[PDB]
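Fold and contact review
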Amino acid sequence: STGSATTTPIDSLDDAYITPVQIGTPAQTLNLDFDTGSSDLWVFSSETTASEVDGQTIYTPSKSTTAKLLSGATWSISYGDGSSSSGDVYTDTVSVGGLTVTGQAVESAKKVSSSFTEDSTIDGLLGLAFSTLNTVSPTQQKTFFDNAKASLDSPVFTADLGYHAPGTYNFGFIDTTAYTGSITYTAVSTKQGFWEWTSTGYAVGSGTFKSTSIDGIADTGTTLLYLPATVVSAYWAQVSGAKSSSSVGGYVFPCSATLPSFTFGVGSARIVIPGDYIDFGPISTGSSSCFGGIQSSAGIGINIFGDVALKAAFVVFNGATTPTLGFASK
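Residues numbered from 1 in each chain as written, not as in the entry; some residues may be left out. Heavy atoms only, no water. Residues with missing side-chain atoms left out of burial classes, pairs and counts.

Regarding how it was determined, this PDB entry cites X-ray crystallography in its header, along with a resolution of 1.1800 Å.

Given below as structure tokens:
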């Protein structure tokens, strides 16, 4: 089997992407944030504290003939950005782009933090990291991909995120029309439960490539590119007037700037992030200070190849017995 679904930016900045997901019988379609940095499929629901729902579409398990309470199971998750959610668990039929999993754990939120409430466009998350990170207790649950894997034509999914445009998540096949040149594959460590890999270096604009190992995670659920302070300083030093602002929470730059590109290495290959991808616009409405899309990972504890990086590539998440990651230009 295979699946193919379009993923759409939630706003004009590509802050996140939503993908429609069918849950239950008859189908209830929710728009979920596919997150290769976590491993829980959770949704706003009929059980979510009413004051914490503001415009989201909810899953109502009592209206699904295939929903079953997973008795005694609870979940609770905290994300890198400080947001969180928790609740109980149902199993139900879940389909993505024509690919169906029966008996998928659907984690029903009883509580969500303010950031989730305030984002009316995201109805929940669909985790695509390794199932070892799943938070369901006392019986850990599998991700949608893990459940689908054996049925897929090939044990892979791909992320093809757009810049200010829709893109695609495919399951079970590699669309050879969706990228240019060849795909370069690189080793993955699953020791922390992430799609963790090592970039071979970077360049700023038309500058020379610096060969240096940068361990980090491929994370579709993180907006920006978070890299070591040395690398980030080298980038922003090429933008007149750019500076790190503790009050704003990172590097800002004059909105009048033209940003240089940023290149990262994948083995001997190179992925180029155009300068425009690194512009996250005014820090507040009407400001002439703009927020940067490359930020320091210092104090996160891990480097994160988030959407800013991933959307410059066609990315293969290879879930074979020994997982790997592939990157192609597009």
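Read on for the rest.
Details of the UniProt feature "disulfide bond" in the protein chain
For the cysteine pair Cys-255 and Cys-290, annotated in UniProt as disulfide-linked, the sulfur atoms lie 2.0 Å apart, consistent with the bond being present. Taken as a pair, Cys-255 in the loop between strand 16 (250-254) and strand 17 (262-266) and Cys-290 in strand 20 (residues 289-292) lie far apart in primary sequence, 35 residues in all. A relative accessible area of 4% places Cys-290 in the buried class. (Disulfide = S-S within 2.5 Å. UniProt positions renumbered as here; feature names shortened; annotations may be inferred. Helix = DSSP H or I, 4+ residues; strand = E, 2+ residues; numbered from the N terminus. Buried < 20%, exposed > 50% of the residue type's maximum accessible area, 1.4 Å probe, protein only.)

Here we look at the sheet that holds strand 13 (residues 210-218)
The seven strands lie next to each other as 18-17-12-13-22-14-21, forming an open sheet whose pairing is mixed. Edge positions in the sheet fall to strand 18 (269-273) and strand 21 (294-296), since each has one partner strand and no second. Neighbouring strand axes in the sheet, compared pairwise and without regard to direction, differ in orientation by 45° on average. Examined bridge by bridge, strand 13 and strand 22 (residues 303-305) share three bridges and lie parallel to one another. Looking at the pairing, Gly-216 lines up with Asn-303 of strand 22. Each of strand 12 (196-204), strand 13, strand 14 (225-227), strand 17 and strand 21 is contacted by helix 3 (residues 229-236), which is oriented at about 140° to strand 21, the strand it contacts most. (Pairing = 2+ DSSP bridges. Axes fitted to C-alpha atoms, helices over the stretch in contact; angles between N-to-C directions. Contact = heavy atoms within 4.5 Å.)

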